[PDB]
Structures are given as C-alpha cells and as structure tokens.
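Quick note: the coordinates plus some simple rules give every number you see, no bench work behind them. No Cβ is skipped: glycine too gets one built from the backbone with ideal geometry, and neighbour counts run over all protein chains shown.
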Amino acid sequence: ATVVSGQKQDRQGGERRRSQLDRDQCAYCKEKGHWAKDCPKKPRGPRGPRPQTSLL
RNA sequence: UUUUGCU
Ligand SMILES: [Zn+2]
C-alpha cells in the first residue's frame, strides 16, 4: 500500500484529563472491554470503506 | 458524540 506524510501545521497530542479512560476501556463509545481501535461503532465495515458520510 | 491510550 501507499503511505506518505503530507504537510502539518499544528501537531497533535491530546492529553488533559479523560474522565477515567481505563486501560481496558474504549475512548469512542465509552465501552468497557474493547478498545477504540476495536470499537464496533467504528466507521469500518461491513462493506464500504469510506468514513465521514456526506448524505444524510 | 466520544479513537483525549506505549505494541
Ligand atoms: Zn467502543
């Protein structure tokens, strides 16, 4: 696959209180057990790799 | 809406 870093302006690095984000919690839905990267509410699947919807 | 969490 292709992967290239374009340009940047304001670097990222969010870190300032997270309620109680547990090491075994989700920072997406707020679920306990799965990770955000494993959140079943992620813009992935079942078919159609394209986040950020356009039409309602 | 929420990935603000090292492989
Ligand atoms: Zn989740």
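Take residue A:49 and decide whether it is within 16 Å of the ligand (Cβ to nearest atom) and either free of Cβ contacts under 8 Å to residues at least 60 places away in the same chain or not in a loop (DSSP other than H, G, I, E, B) (or both).
no
I'd like to check something: does the stretch A:13-24 contain any residue that is without any contact (Cβ under 8 Å) to a residue 60 or more places away in the chain, in contact with a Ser or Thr (Cβ under 9 Å, 6 or more places away or on another chain) and surrounded by 11 or more Cβ atoms within 10 Å (Cβ to Cβ)? Steps first, answer last, please.
Of all residues in the stretch A:13-24, those without any contact (Cβ under 8 Å) to a residue 60 or more places away in the chain come to A:13-24.
Applying the additional criterion that residues be in contact with a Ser or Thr (Cβ under 9 Å, 6 or more places away or on another chain) yields none.
Among the residues of the stretch A:13-24, not one is without any contact (Cβ under 8 Å) to a residue 60 or more places away in the chain, in contact with a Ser or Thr (Cβ under 9 Å, 6 or more places away or on another chain) and surrounded by 11 or more Cβ atoms within 10 Å (Cβ to Cβ), which makes the answer no.
Scan the stretch A:36-44 and give yes if some residue there is exposed (fewer than 10 other Cβ atoms within 10 Å of the Cβ), in a loop (DSSP other than H, G, I, E, B) and near RNA strand B (Cβ under 9 Å from one of its atoms), otherwise no.
no
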